[PDB]
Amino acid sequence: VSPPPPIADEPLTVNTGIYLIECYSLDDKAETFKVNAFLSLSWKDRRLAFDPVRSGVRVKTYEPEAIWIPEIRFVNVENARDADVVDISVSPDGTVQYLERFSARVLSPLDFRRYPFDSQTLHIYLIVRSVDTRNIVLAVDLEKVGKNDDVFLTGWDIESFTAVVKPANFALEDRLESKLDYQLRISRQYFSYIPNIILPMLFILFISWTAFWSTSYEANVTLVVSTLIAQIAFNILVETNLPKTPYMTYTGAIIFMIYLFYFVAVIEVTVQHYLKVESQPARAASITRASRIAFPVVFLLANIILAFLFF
């Protein structure tokens, strides 16, 4: 089978539509997501025209192998989609209505700068390559673009699923390509981060600050070094769920800042002890008393500055 012949010199228009049934497995580290959807296609093939009076039926059903079907592929997939043709229906004028249900692992890059208070635009790029006989162009049938109400992406809020109606038509290896951008806007459910990571980090940080009400070096060393070990466990825990970015993320900046605070508290603890040994407890007492206010105040201001830069 060859493609439909043109009436004039016009390109063949393939109307497309994606209807999302399921969204699952948004892997942050891998920058992938899995999708289960309907792919709807429509184009005119005059060669397929029929008289319903003679044929006995008002719509004709076909098997994919029986007729010409445009080779539509996804740009940003790991492997080619797993597809099952649901229906192929030809109307008397030769208007073909193709419908398949597919599943695919989509590659879509993420912006982690504001993580975990971040939002993403996931893309599904539909493409068609023009044949040597006639040029093929993609179009969006908005009445056939949507998502199921139930569609839940664990840990995310689905804002919208829309398509950029104008295809990107460009040459690639001496032939025309027609590319459509289907965009799924999502925002992270930051809730869990607060009681599970943020608040535990603060509690252990405040525990380390009790060293500012102690003159016992051995106890102070235990407090600061032990809380530092607990903090490292949280840093590893957090970083394992993120990919290695060539930029600073909000979480990353906070983690880095906390290390500085632990480092400076060791300096304070060390300085205070050195003075007490040098028989200067009056000078050490001045530093500690200052540390009691300075550490929370600088912690609060540094965080305001960070939140300002990132948001």
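Heads up: residue numbers just count along the shown sequence, starting at 1.
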Taking the deposited Cα B-factors and averaging over 272-280 and over 33-41, the higher mean is found in 272-280
When mean C-alpha B-factors in the record are compared for 208-216 and 115-123, the larger belongs to 208-216
Per the deposited entry, the peak Cα B-factor within the set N76, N148, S187, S103 goes to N148
Residue set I255, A265, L26, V57, per-entry CA B-factor max assigned to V57
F170: CA temperature factor from the record, placed by chain third, in the highest
Assert third(CA B-factor, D181) within chain per record equals lowest
Quick tally, chain-level thirds of C-alpha B-factors: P195 sits in the middle
Assert third(CA B-factor, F50) within chain per record equals highest
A80: C-alpha B-factor third of its chain, per the entry, is the highest
